[PDB]
Amino acid sequence: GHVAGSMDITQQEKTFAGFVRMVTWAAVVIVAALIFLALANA
Amino acid sequence: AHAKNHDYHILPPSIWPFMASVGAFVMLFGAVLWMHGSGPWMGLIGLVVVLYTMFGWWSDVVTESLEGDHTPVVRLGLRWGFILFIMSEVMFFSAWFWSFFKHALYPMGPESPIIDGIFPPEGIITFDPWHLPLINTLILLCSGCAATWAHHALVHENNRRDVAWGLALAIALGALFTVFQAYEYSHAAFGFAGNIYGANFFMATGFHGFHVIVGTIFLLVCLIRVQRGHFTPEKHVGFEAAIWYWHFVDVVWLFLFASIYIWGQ
Amino acid sequence: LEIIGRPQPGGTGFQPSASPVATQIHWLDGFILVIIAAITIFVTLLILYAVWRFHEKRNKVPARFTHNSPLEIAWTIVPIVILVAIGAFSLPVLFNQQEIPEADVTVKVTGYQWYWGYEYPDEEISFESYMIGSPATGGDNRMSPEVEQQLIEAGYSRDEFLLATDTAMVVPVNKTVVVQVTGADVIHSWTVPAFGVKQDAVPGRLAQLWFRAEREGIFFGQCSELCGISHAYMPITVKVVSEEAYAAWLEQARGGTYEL
Amino acid sequence: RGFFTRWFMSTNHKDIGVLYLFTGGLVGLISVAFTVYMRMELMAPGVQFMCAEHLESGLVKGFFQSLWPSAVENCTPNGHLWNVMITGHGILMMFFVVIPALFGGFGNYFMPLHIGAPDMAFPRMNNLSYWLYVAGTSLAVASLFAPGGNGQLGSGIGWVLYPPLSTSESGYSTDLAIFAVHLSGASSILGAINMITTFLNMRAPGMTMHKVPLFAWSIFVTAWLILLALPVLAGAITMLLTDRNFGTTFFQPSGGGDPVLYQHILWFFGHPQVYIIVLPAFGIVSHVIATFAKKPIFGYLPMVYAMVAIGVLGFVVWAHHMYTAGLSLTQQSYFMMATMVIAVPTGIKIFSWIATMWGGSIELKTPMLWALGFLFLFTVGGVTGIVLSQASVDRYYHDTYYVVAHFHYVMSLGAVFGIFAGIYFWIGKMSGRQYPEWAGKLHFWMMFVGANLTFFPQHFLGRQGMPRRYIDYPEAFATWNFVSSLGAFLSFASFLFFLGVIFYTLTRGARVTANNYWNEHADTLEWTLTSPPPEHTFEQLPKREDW
Ligand code: HEA
Ligand code: HEA
Ligand SMILES: CCCCCCCCCCCCCCCCCC(=O)OC[C@H](COP(=O)(O)OCCN)OC(=O)CCCCCCCCCCCCCCCCC
Ligand SMILES: CCCCCCCCCCCCCCCCCC(=O)OC[C@H](COP(=O)(O)OCCN)OC(=O)CCCCCCCCCCCCCCCCC
Ligand SMILES: CCCCCCCCCCCCCCCCCC(=O)OC[C@H](COP(=O)(O)OCCN)OC(=O)CCCCCCCCCCCCCCCCC
Ligand SMILES: CCCCCCCCCCCCCCCCCC(=O)OC[C@H](COP(=O)(O)OCCN)OC(=O)CCCCCCCCCCCCCCCCC
Ligand SMILES: CCCCCCCCCCCCCCCCCC(=O)OC[C@H](COP(=O)(O)OCCN)OC(=O)CCCCCCCCCCCCCCCCC
Ligand SMILES: CCCCCCCCCCCCCCCCCC(=O)OC[C@H](COP(=O)(O)OCCN)OC(=O)CCCCCCCCCCCCCCCCC
Ligand SMILES: [Ca+2]
Ligand SMILES: [Cu+2]
Ligand SMILES: [Cu+2]
Ligand SMILES: [Cu+2]
Ligand SMILES: [Mg+2]
């Protein structure tokens, strides 16, 4: 019953793509914020 | 699995984990004794064991991919996990960078915190950013470019001589950074004990260097793999992590460089 | 001797209001407590109610709703309005206590492991206070005939054991006192519940805190920040006296004698 | 199946789940024990038990005498004992106990089943998780026997290790505890990674993120916090280790250091910790409310989003734990305001629960009682936190017993409830042996009774100013103490009850033969399987309709 590699991974590949995008958004949002703060109150 | 319908990897038992947890316990407890007047022997034993563990464990990692366990999803699973690892790494450095930035902005002085002191600390001699610093930054940027060039060849042209060529170049430039780094210590104008700037300056680049070494080692592994023909354009996970990781190091150094050499002078 | 600000056996409230900030602190907590008193009660009453009104034998069949928009909105605004409120009556009480006035006197309090360190920069006065049981005064931090007697002679009673100090820090009624706290060695914290004030002595740091008493007496504060073994052995005592006897205190504390 | 094969070389995520449970039980007990000791001494004024004199006697010797009163007169107040105890508790409890049952015992085992995945993404790694957790514990415990401050053994510093106290304290005791904390960090960060890959990658076809059980979302948010918060705490404590072993001066004013930054670096991770502890609890509650009120969990998206809500705010409210350690007014406001915000998200969770019960039929089974206690007490707790959130009020409250109560109400009467909630509800599924519906009730009633006694009095003490971590206190404070202490014994009783109840059940319990012993409304995939589930759950992937 071996069929290595013939499973459907459509849903995971879409997931990772989202994951990828979500983090980038996050990261950049923080740095922005950090910078803001800096500017505002450092 | 007798009759599965899924590509996920299920694993036979494995002692490695337990082994490594004893090695570390011993490692650290020996490491506590050794910073308390007593003898090294216990410490190195701990690490010796851990290092035996890790090698195995990772050897087996490869072995398991060779038995065709690394199906399409599996491959993605590892990719992902490794990425959380660099996320974590990024957080750790956020501690060290957080001290630097606070002290650099609000250094302690006799009226702190109504009033702040001065940074860099009185009688501290910050290094010259364009003399050696830039050197080490060109050295990594370059290596970066030489390690990625390996990557693309392999995946894009399937050129393997070129692939190992990029890797050696990249590996020997990583070590060079180390060598130059150490020079910097040798010629440091301030000390490590008794003065915030030394602790920050040293622990921070101290941690980064740690990683370069790790990085340069990792790569070494790939070259070896690449020499015994362990990589194809479709299957090449060690390689993917490698290049991802080397890049994170470089990023961290570049921010250091901007944060402690260039911006803190 | 008027011993006012002190714990009262079996007490479940606060300590007498010795000053404006205390005054407001009690009021703030009061007001905040009923607002959450009502929330808590409220939240149980539904729980109970529902548990019985919809216990299986009372309603054999379950319902299938999962969403009621109008109600969710209600329960997300409500709280929000609640919090704002609290805001309205909270910031102000933080600002009055963190924005420090022109002083009428000024001490400097230095947390030393296992004792405090008072200074009156204008009056060139500097002395230290220790508990009566401190090994500094023969004892090992626990009642003993000696201790009992020592305290009687102090003007205190057997029961104020762990609060009395060999050395009081005297102070003027109606006068504004600014206390600049710092630690000597590790981290301590100085504080006087009746004044409604408290703060941490920290190595390498000058922190400021202001207080005004409206009335005379002996108020008592304890070290609040794990600073080692005798962490429960560094009482704080503050005296507040008339201004005519404050001045004579000055002169009398110049001769090396540091007691009132 | 070698016994050594099975537990010592585990690759299966249901066994690792069990290992963490008992492991975490164990330590809890040990820790819990330290709790009676304290209560004992705090029952009444003066120092009757922690005398200096017992130090002359070998450890074997004085130990036993320490469980028996001495007269004030002949008792020599050894504060250091008390400090070392207090910290035995705290360190054990937030790092060895409660996060390893609730995150690595119930999560490891079940989060996977609920999504309908074969096993966790990284089995070998996971086993390594469980073992690092032991070292952690062991170093941590060993520390109570090594060269401590004041010539005694043991580090009497604080669950969090603040300096300079933590950096000046003699011996190497604290070095062990520092490294313990690291190995624990390690553990959760391996754990964390594994569940994050697992849950996004291995769910079943047709299972969308918006189609996942509460409980696994809870572990998901939990895991993210972990990932982003332990790292920062590795750093903090590295600075404490290099200051004491490499004469650095991070938080040493003589070298330009600043003890307060430490508090910033450690509470930025010391806030995320609680949201890890309760997260999972919220998860197990939903299940249990869902199943026993035989009705779908109200407002499922909002629940999920609530959870994300909290976790994110959880990184931007850490100076609430520093309201008196010397902060700008602008810093107190920002931290007071933003910390108040978390209310929104939690209430939503609290209301939804009450609204789940509303209009469903209810089954007061053991499991449910906990879940309902939890709704109550966690609210109790909660409110306090708002009172503590107001810098203003904090002055008077900070460091006093008023804050002790607020954490125990949401921890001991909160997350803890969850733990048990989880336990009763899933004991057959993972054992093939059900427990006694009487005992359970009894246990739940004792514990609620005595744990209320334990901590409710502590609110009084807090407003009557009794300071924290004192080994003795004034005459005025005897009354309540008594009560409290009494309280504690009762609860300690109970915990004993439970262990036996547990023991019995795993001995003489009702063999379980149904795949769902509860009722139709417990709908996730754990219930489709045997009772005690197969070694390889989900070789065949759970068909879409299956649930
Ligand atoms: C999991 C454990 C846990 C949880 C879940 C919480 C949750 C909260 N905690 Fe805390 N807390 C601790 C564990 C926890 N805490 C610990 C251990 C300490 C001490 C650490 C140490 O020093 O060692 C501590 C300390 C602590 C302090 C500092 C005390 C000091 O100065 O020493 C503060 C101050 O703001 C605080 C606040 C809060 C708040 C606002 C919440 C919020 O999460 C509460 C939210 C819940 C509700 C708000 C109720 C739900 C809402 C409704 C039912 C709506 C109706 C009510 C309203 C709208 C108001 N906690
Ligand atoms: C959530 C963690 C946790 C838990 C469960 C407890 C449980 C208890 N704790 Fe506490 N405690 C802390 C965390 C916890 N504690 C912390 C962090 C501090 C501050 C430390 C410091 O200053 O550094 C503290 C402090 C503290 C103090 C005062 C410290 C002082 O003077 O400054 C007291 C005082 O009486 C106390 C009492 C108790 C009691 C009676 C119990 C319980 O015995 C009461 C009821 C609970 C039970 C009877 C059992 C619960 C059992 C489990 C949850 C088992 C889990 C394993 C399995 C379920 C399989 N604790
Ligand atoms: C490739 C070459 C590389 C070159 C790159 C060049 C670009 C350089 C990039 C550098 C970025 C570093 C930024 C440094 C941050 C400085 C900002 C700061 O520290 O301000 C703190 C702010 C002010 O401090 P304060 O004490 O008020 O000072 C008052 C003086 N009058 O403090 C306050 O006002 C108190 C307010 C508290 C508010 C808390 C807000 C939270 C902060 C962000 C949330 C963190 C959550 C992150 C989550 C991580 C996980 C996702
Ligand atoms: C002075 C000299 C002294 C030197 C002492 C020597 C001791 C030796 C230590 C070296 C360790 C060896 C490292 C090699 C690890 C990589 C394993 C690997 O590449 O296989 C994993 C897999 C590859 O699969 P794939 O590439 O798809 O297969 C293609 C084949 N067709 O891809 C994967 O599964 C991904 C796995 C990623 C590896 C994780 C790395 C992250 C951990 C970093 C922690 C740092 C540890 C350093 C130790 C310090 C002690 C604390
Ligand atoms: C300012 C914040 C910066 C934070 C530092 C983060 C360092 C980033 C690491 C850089 C290394 C990347 C160099 C790429 C060279 C070769 C590898 C590569 O190109 O991987 C491509 C991959 C796309 O993957 P994919 O096509 O989806 O795979 C099969 C899809 N089914 O694309 C990937 O998945 C790459 C994965 C590596 C991720 C490393 C860790 C990411 C962590 C979050 C950092 C995000 C940074 C934010 C940037 C701001 C941009 C505005
Ligand atoms: C590694 C390769 C690239 C680098 C990766 C890491 C990037 C890190 C960049 C920044 C990291 C955090 C830097 C924070 C700077 C804050 C400086 C500071 O300490 O502010 C002072 C304030 C307290 O000042 P105080 O002493 O109390 O008052 C005196 C005023 N007279 O202190 C405060 O109120 C706190 C200030 C805000 C605290 C911010 C902490 C958040 C840490 C998480 C950072 C998230 C990194 C995400 C990276 C994205 C990658 C994909
Ligand atoms: C609080 C912050 C403290 C910092 C410590 C952080 C972690 C320490 C642990 C070191 C080792 C973990 C390295 C993590 C890299 C993981 C990257 C990843 O996703 O690896 C995937 C691979 C999968 O594992 P597996 O279950 O075997 O799956 C087989 C599928 N073919 O996973 C692997 O290849 C696993 C390899 C593990 C290597 C063995 C070493 C164990 C080390 C424990 C010592 C911890 C002490 C940390 C000291 C740092 C102090 C700052
Ligand atoms: C401002 C200061 C802030 C302070 C820091 C705050 C961080 C708190 C961290 C909490 C982590 C919670 C993450 C939960 C995100 C969930 C969102 C989600 O699930 O959206 C649904 C979307 C829909 O996909 P759909 O197809 O409908 O269903 C799946 C079918 N395959 O699903 C997708 O597209 C996939 C979703 C994947 C989940 C992403 C998880 C990553 C989130 C963490 C951000 C990390 C920031 C890192 C910063 C440091 C980096 C070095
Ligand atoms: Ca006693
Ligand atoms: Cu003190
Ligand atoms: Cu103290
Ligand atoms: Cu908090
Ligand atoms: Mg404090």
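Using Swiss-Prot numbers, chain C covers 30-289, in order.
The backbone N, Cα and C atoms fix where each Cβ goes, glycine too.
According to Swiss-Prot, the protein has these features:
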type	residues	note
BINDING	C:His217, C:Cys252, C:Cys256, C:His260	Cu cation binding site
TRANSMEM	C:60-80	transmembrane segment
TRANSMEM	C:104-124	transmembrane segment
For the transmembrane segment (C:60-80), find every same-chain residue at least 6 residues outside the stretch whose CB is under 8 Å from a CB in it, and list them. 111, 114-115, 118
State which of the following binding-site residues has the fewest other Cβ atoms within 10 Å around its Cβ: C:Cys252, C:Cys256. C:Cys256
Are there residues at least 6 beyond the ends of the transmembrane segment (C:104-124) whose Cβ is under 8 Å from a Cβ of it, and what are they? 50, 53-54, 57, 60-61, 64
According to DSSP, which kind of secondary structure is C:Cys252 (Cu cation binding site) found in, if we only use helix, strand and coil? coil
Residues sitting within 8 A of the centre of the C:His217, C:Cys252, C:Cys256, C:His260 CB atoms (Cu cation site), not counting those, run C:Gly140, C:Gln142, C:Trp143, C:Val215, C:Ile216, C:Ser218, C:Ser253, C:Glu254, C:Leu255, C:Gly257, C:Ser259, C:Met263
In DSSP terms, helix, strand or coil for C:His260 (Cu cation binding site)? helix
Where ligand 2 binds, which of the binding-site residues C:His217, C:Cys252, C:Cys256, C:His260 are close by, with Cβ under 6 Å? none
